[PDB]
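S.K.: First the structure, then my questions, so here it is.
All of this is worked out from the model, or read from it or from the source named; nothing here is a laboratory result. Cβ placement follows ideal geometry from the backbone for every residue including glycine, while neighbour counts extend to all protein chains displayed.
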Ligand SMILES: Nc1ncnc2c1ncn2[C@@H]1O[C@H](COP(=O)(O)OP(=O)(O)OP(=O)(O)O)[C@@H](O)[C@H]1O
Ligand SMILES: Nc1ncnc2c1ncn2[C@@H]1O[C@H](COP(=O)(O)OP(=O)(O)O)[C@@H](O)[C@H]1O
Ligand SMILES: [Ca+2]
Ligand SMILES: [Ca+2]
Ligand SMILES: [Ca+2]
Ligand SMILES: [Ca+2]
């Protein structure tokens, strides 16, 4: 009778809603804001801690902290504030009545899973709970049981091979640059035009500039040559105090850090050949359909032209005796939530819940034997 | 046979002289003074604008403008007046037969760099010019090649780590908090004792008060308790109209904006966290000698007790196995000029000069390729 | 590899033959016998063939078939039900993905008469929502 809840806890953007929906009901950033000045107009609703999109609204007078960094929960009390804001203010439901599905990053440590279980059953008192993985729900939302998933959000980029509906832990590879580092690099390369963005309040402005005006160049050098010669790609943005900035060759230079990590001084590999390094670690027989199923998921896959560039870069260094196709659904920024919403609403999922009494005579250790 | 000129154009002071010398010949503040009252006596010597020490000697009847505000150059006509004054009146030399070395802060907007070229070959017609980073000149003046430079003057405060004589661009940090901001903060907190300073001449007087009667406390709260419990820290200063003012705890509160930027309302961290995060963004093997070679430059590092406070703050942040050496030479006010003077006088330097011929076949873009 | 105890899975893969299931609103219903070999273009299907060997063991083969008009929930449910039916078995089955019009030749080999497609199908189990939508038009008088 009751309806399950799906809550995908991103490192920079948390999604929540009810199972059986085609879209998440609530998308809001996972930030906790604290005031940096003194509230002299007393009795006019000042709070010690502003949580979520409200903290995005009055972001000038606050300092912002992210409770999840690099996909892993580090600050736990702020994560309780995120979950309290999610249940009580945002979705407006009592957690005692609704089962809750959560998603975790691949290669999550066990202690974070146990602590997630403990604050889920003690503090909020859910009647049922389950934990799932980002990439397998992305692959289920794509309608596949075998494929590579490039899940690149705000904290990390994960390459996860999945064969027969289960991941391969020996070939899951983690590359630690995402849209946070792209935002920081864009704050770096807007300094030569004379614009300065230093504090965490206007990092969100640079993130909005990155979302509205960026694209992946198919070839970099001729794009730089045409940017240097002409001015057909220089466009303007309106800052929310009224000043207008203009951006030229930085529109396409900022996505290129994914393909060239040396732009930020990172000595690791670009996003195209780390998928090759993951797929060489798999068995020789299963590479045929694994090359054919290139699932892109996450918000930093939403640049225009990233799929064609990824097709070119895989096709360059894979052998010519096979076909490469890149798939990119339009809903790939919500695809983990879509896979969770399909998973929670099935007729075989009611026995896969972790009920309250099983946690009572099992403690916070039954989450390993059931979420597996 | 021609002697090159070295002209360090800071935000607050201009240090100009000949290459090969040990001390700069002309040191004068970079201000332009204009009359604001009505001239009633005819003839005499009234000029439309006063530059340098002549503006300081007549500052009671002048409004004073700084051409450089926070490192960038806002007024270029006034900066041309500054350059004309330092060539023709201070050094008293014709600049069409002397190559001129100029200095520049890093992470500057690019549009200054050709524009500094755009005056120098077109108005003064120098035979050659070169632009050098101030931090590498400060490190060369100490006899070192690897180390971290904290350069803090009147406009900006930047941490630059240098390895093998080249600055690492992915770890240079800029903080817009320097001597003019401390002067403005001291004007703000002298109203607590009843002293009003609003005029630009009064800003110059408060800058003099800050130079004579300020120091960095080793620990802030104990020093505040000491200043509250007695009056042993109070000092007296004589204003030029004979009035005597007394300052107490404001002696040490004004340097503490360097270590706690929230006094003037900035979310950004102090100079010791800036040095620690600048060191932490370098490679793991070269962190040993960056902690052990930590030189300081600029006039804002001339307070008593700044080196002991810096070593106390870095030592608490670094691992305990590391060895910390804060290096504070007594000539660090003019270390940029000394490094430029030695670097320009070398016999192996006369092929990095950007001469007239490659400039007027290449346009104002040669400075982006020959000056790294 | 946690097993599931769906009550319709108990009759799957016990005798050599060929079994078809259709997805209707996050659940499997077995289509009747005389509706074999033909499919709706807007639904998702789970196909099982089990084959007896000479040595006594009984091999399995899963396919999951997606039309060109099926929704996201039907195809996702078909993939997850394929995975869970493999996990109900002891991992002895191989899975295949089948797309309408681009089927494998072995998938054409299972049906004798051939493949024929009709329009229509069962409706999706999803209900449409838009993220962060408010449609509000109110007026309040504050007084006192
Ligand atoms: N159209 C877009 N173009 C570029 N970047 C975008 C776009 N839309 C969203 N992003 C970026 O994608 C990120 C959010 O994506 P997503 O919600 O999938 O990640 P997440 O779940 O928060 O992260 P992670 O999975 O790493 O924990 C942010 O960095 C955001 O700036
Ligand atoms: N003895 C001193 N104590 C504190 N501050 C000083 C002292 N001498 C100079 N300063 C400050 O140093 C600043 C100028 O430093 P410097 O780097 O030499 O010039 P610039 O910033 O123009 O390059 C001035 O703003 C002045 O306030
Ligand atoms: Ca995610
Ligand atoms: Ca300086
Ligand atoms: Ca349908
Ligand atoms: Ca199997």
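S.K.: Does region A:257-273 contain any residue that is within 14 Å of another protein chain (Cβ to nearest Cβ), without any contact (Cβ under 8 Å) to a residue 12 or more places away in the chain and under 24 Å from residue A:166 (Cβ atoms)?
M.R.: Of all residues in region A:257-273, those within 14 Å of another protein chain (Cβ to nearest Cβ) come to A:257, A:260-268.
After this cut, where a residue has to be without any contact (Cβ under 8 Å) to a residue 12 or more places away in the chain as well, the list is A:260, A:262, A:265, A:267.
Next cut, under 24 Å from residue A:166 (Cβ atoms) only: none.
No, region A:257-273 contains no residue that is within 14 Å of another protein chain (Cβ to nearest Cβ), without any contact (Cβ under 8 Å) to a residue 12 or more places away in the chain and under 24 Å from residue A:166 (Cβ atoms).
One line per residue, one yes/no per condition, for (1) in the same structural domain as residue B:153 (by CATH); (2) exposed (fewer than 15 other Cβ atoms within 10 Å of the Cβ); (3) within 16 Å of ligand 4 (Cβ to nearest atom):
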site	(1), (2), (3)
B:5	no, no, no
B:18	no, no, no
B:24	no, no, yes
B:27	no, no, yes
B:42	no, yes, no
B:45	no, yes, no
B:50	no, no, no
B:72	no, no, yes
B:77	no, yes, no
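S.K.: Got a sec? Which of B:218, B:213, B:233 is within 16 Å of ligand 2 (Cβ to nearest atom) and more than 14 Å from every other protein chain (Cβ to nearest Cβ)?
M.R.: Numbers: B:218 fails: within 16 Å of ligand 2 (Cβ to nearest atom); B:233 fails: within 16 Å of ligand 2 (Cβ to nearest atom).
Step by step, each of B:218, B:213, B:233 is checked, and only B:213 is within 16 Å of ligand 2 (Cβ to nearest atom) and more than 14 Å from every other protein chain (Cβ to nearest Cβ).
S.K.: From the residues in region C:23-55 that are in a strand (DSSP E or B) and within 13 Å of another protein chain (Cβ to nearest Cβ), which one is farthest from residue C:97 (Cα to Cα)? Can you show your working first?
M.R.: Just the residues of region C:23-55 that are in a strand (DSSP E or B), to begin with: C:23, C:28-30, C:38-40, C:44-52.
Pick out the ones that are also within 13 Å of another protein chain (Cβ to nearest Cβ) and you get C:23, C:28-29, C:44-46.
On the way: C:23: 15, C:28: 17, C:29: 20, C:44: 11, C:45: 11, C:46: 10 Å.
The qualifying residue farthest from residue C:97 (Cα to Cα) is C:29.
S.K.: Can you pull out the residues in region C:115-137 that are within 21 Å of the chain's Cα centre (by Cα), over 16 Å from residue C:27 (Cβ atoms) and within 9 Å of chain A (Cβ to nearest Cβ)? Reasoning before the result, please.
M.R.: So the first thing to find is which residues in region C:115-137 are within 21 Å of the chain's Cα centre (by Cα), and the list is C:115-127.
Those left that are additionally over 16 Å from residue C:27 (Cβ atoms): C:115-120, C:127.
Across region C:115-137, the qualifying residue is only C:127.
S.K.: Could I ask something else about it? If residue C:58 meets every condition in (1) more than 13 Å from chain A (Cβ to nearest Cβ); (2) within 16 Å of ligand 6 (Cβ to nearest atom); (3) crowded, with 16+ Cβ neighbours inside 10 Å apart from one, which number is that one?
M.R.: The failed condition is (3).
S.K.: Scan region B:14-25 and tell me whether some residue there is within 13 Å of residue B:83 (Cα to Cα), more than 16 Å from ligand 2 (Cβ to nearest atom) and not in a loop (DSSP other than H, G, I, E, B).
M.R.: So in region B:14-25, the residues within 13 Å of residue B:83 (Cα to Cα) come out as B:14-17.
From the residues that got through so far, the ones that are more than 16 Å from ligand 2 (Cβ to nearest atom) too are none.
No - not one qualifying residue is present in region B:14-25.
S.K.: Take the conditions part of a helix (DSSP H, G or I) and either under 30 Å from residue A:171 (Cα atoms) or within 16 Å of ligand 3 (Cβ to nearest atom) (or both) and apply them to residue A:112. Does it pass? So that I can check it myself, show each step before the final result.
M.R.: Details: part of a helix (DSSP H, G or I): yes; either under 30 Å from residue A:171 (Cα atoms) or within 16 Å of ligand 3 (Cβ to nearest atom) (or both): yes.
Spelling it out, residue A:112 is indeed part of a helix (DSSP H, G or I) and either under 30 Å from residue A:171 (Cα atoms) or within 16 Å of ligand 3 (Cβ to nearest atom) (or both).
S.K.: Something else now. If you check C:95, C:100, which single one turns out to be facing chain A (nearest Cβ under 10 Å), crowded, with 16+ Cβ neighbours inside 10 Å and away from ligand 3 (no atom under 16 Å from the Cβ)? Working first, answer last.
M.R.: Numbers: C:100 fails: facing chain A (nearest Cβ under 10 Å).
On inspection, the qualifying residue turns out to be C:95.
S.K.: Further question: Tell me whether region A:355-364 contains one or more residues that are surrounded by fewer than 18 Cβ atoms within 10 Å (Cβ to Cβ) and in contact with a helix residue (DSSP H, G or I) (Cβ under 6 Å, 6 or more places away or on another chain). Lay out the reasoning, then the answer.
M.R.: Here is the first cut: in region A:355-364, the residues surrounded by fewer than 18 Cβ atoms within 10 Å (Cβ to Cβ) are A:355-358, A:360-363.
Then keep just the ones that are in contact with a helix residue (DSSP H, G or I) (Cβ under 6 Å, 6 or more places away or on another chain); that gives A:358.
The answer is yes, given that some residue of region A:355-364 is surrounded by fewer than 18 Cβ atoms within 10 Å (Cβ to Cβ) and in contact with a helix residue (DSSP H, G or I) (Cβ under 6 Å, 6 or more places away or on another chain).
S.K.: Condition first: in contact (Cβ under 8 Å) with a residue 40 or more places away in the chain, touching a strand residue (DSSP E or B) at 6+ places or on another chain (Cβ under 6 Å) and more than 14 Å from every other protein chain (Cβ to nearest Cβ). Can you find one or more residues in region A:137-146 that meet it? It would help to see each step written out before you state the result.
M.R.: Kept after step one, since they are in contact (Cβ under 8 Å) with a residue 40 or more places away in the chain, are these residues of region A:137-146: A:137-142, A:144, A:146.
Keeping just the survivors that are touching a strand residue (DSSP E or B) at 6+ places or on another chain (Cβ under 6 Å) gives A:138-139, A:142, A:146.
After this cut, where a residue has to be more than 14 Å from every other protein chain (Cβ to nearest Cβ) as well, the list is none.
Checking region A:137-146: not a single residue is in contact (Cβ under 8 Å) with a residue 40 or more places away in the chain, touching a strand residue (DSSP E or B) at 6+ places or on another chain (Cβ under 6 Å) and more than 14 Å from every other protein chain (Cβ to nearest Cβ).
S.K.: Same structure again: Has region A:174-193 got at least one residue that is away from every other protein chain (no Cβ under 14 Å), in contact with a helix residue (DSSP H, G or I) (Cβ under 9 Å, 6 or more places away or on another chain) and within 23 Å of residue C:2 (Cβ to Cβ)?
M.R.: no
S.K.: Taking the criterion of being within 30 Å of residue A:50 (Cα to Cα) and in contact with a strand residue (DSSP E or B) (Cβ under 9 Å, 6 or more places away or on another chain), would at least one residue in region A:157-174 satisfy it? Don't jump to the end; show me each part of the working.
M.R.: Here is the first cut: in region A:157-174, the ones within 30 Å of residue A:50 (Cα to Cα) are A:157.
From what's left, in contact with a strand residue (DSSP E or B) (Cβ under 9 Å, 6 or more places away or on another chain): A:157.
The answer is yes, given that some residue of region A:157-174 is within 30 Å of residue A:50 (Cα to Cα) and in contact with a strand residue (DSSP E or B) (Cβ under 9 Å, 6 or more places away or on another chain).
S.K.: Of the conditions (1) assigned to a loop (DSSP other than H, G, I, E, B); (2) under 30 Å from residue A:333 (Cα atoms); (3) under 19 Å from the mean Cα position of the chain (by Cα), residue C:80 satisfies every one except a single condition; which number is it?
M.R.: The single condition residue C:80 does not satisfy is (1).
Matching residues to (1) more than 16 Å from ligand 2 (Cβ to nearest atom); (2) touching a residue at least 40 places away in the same chain (Cβ under 8 Å); (3) in contact with a helix residue (DSSP H, G or I) (Cβ under 9 Å, 6 or more places away or on another chain); (4) assigned to a strand (DSSP E or B):
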site	(1), (2), (3), (4)
B:63	yes, yes, yes, yes
B:86	no, yes, no, no
B:96	yes, no, no, no
B:106	no, yes, yes, no
B:119	yes, yes, yes, no
B:131	no, yes, yes, yes
B:149	no, yes, yes, yes
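S.K.: List the helices (runs of 4 or more DSSP H) inside region A:267-347, counting only whole elements, that have at least 2 residues being touching a helix residue (DSSP H, G or I) at 6+ places or on another chain (Cβ under 8 Å) and under 16 Å from residue A:152 (Cα atoms).
M.R.: On the way: elements: A:271-280, A:287-292, A:306-317, A:335-344.
Helices (runs of 4 or more DSSP H) meeting the threshold: A:271-280, A:306-317, A:335-344.
S.K.: Right, another one. In region B:153-173, is there at least one residue being within 30 Å of residue B:88 (Cα to Cα), part of a helix (DSSP H, G or I) and more than 16 Å from ligand 1 (Cβ to nearest atom)? It would help to see each step written out before you state the result.
M.R.: Here is the first cut: in region B:153-173, the ones within 30 Å of residue B:88 (Cα to Cα) are B:153-156.
Those still in the list that are part of a helix (DSSP H, G or I) too: none.
No, there is no match, as no residue in region B:153-173 is within 30 Å of residue B:88 (Cα to Cα), part of a helix (DSSP H, G or I) and more than 16 Å from ligand 1 (Cβ to nearest atom).
S.K.: Take the residues of region A:329-350 that are buried (at least 18 other Cβ atoms within 10 Å of the Cβ) and farther than 9 Å from residue A:141 by Cβ: which is farthest from ligand 3 (Cβ to nearest atom)?
M.R.: A:348
S.K.: Count, please, the residues in region A:54-70 that happen to be surrounded by fewer than 20 Cβ atoms within 10 Å (Cβ to Cβ) and over 17 Å from the mean Cα position of the chain (by Cα).
M.R.: 8
S.K.: Here is a check on your reading of the model: is residue A:114 surrounded by fewer than 20 Cβ atoms within 10 Å (Cβ to Cβ) and within 19 Å of residue A:31 (Cα to Cα)? Show your work before the answer.
M.R.: Numbers: surrounded by fewer than 20 Cβ atoms within 10 Å (Cβ to Cβ): yes; within 19 Å of residue A:31 (Cα to Cα): no.
Against the criterion (surrounded by fewer than 20 Cβ atoms within 10 Å (Cβ to Cβ) and within 19 Å of residue A:31 (Cα to Cα)), residue A:114 does not qualify.
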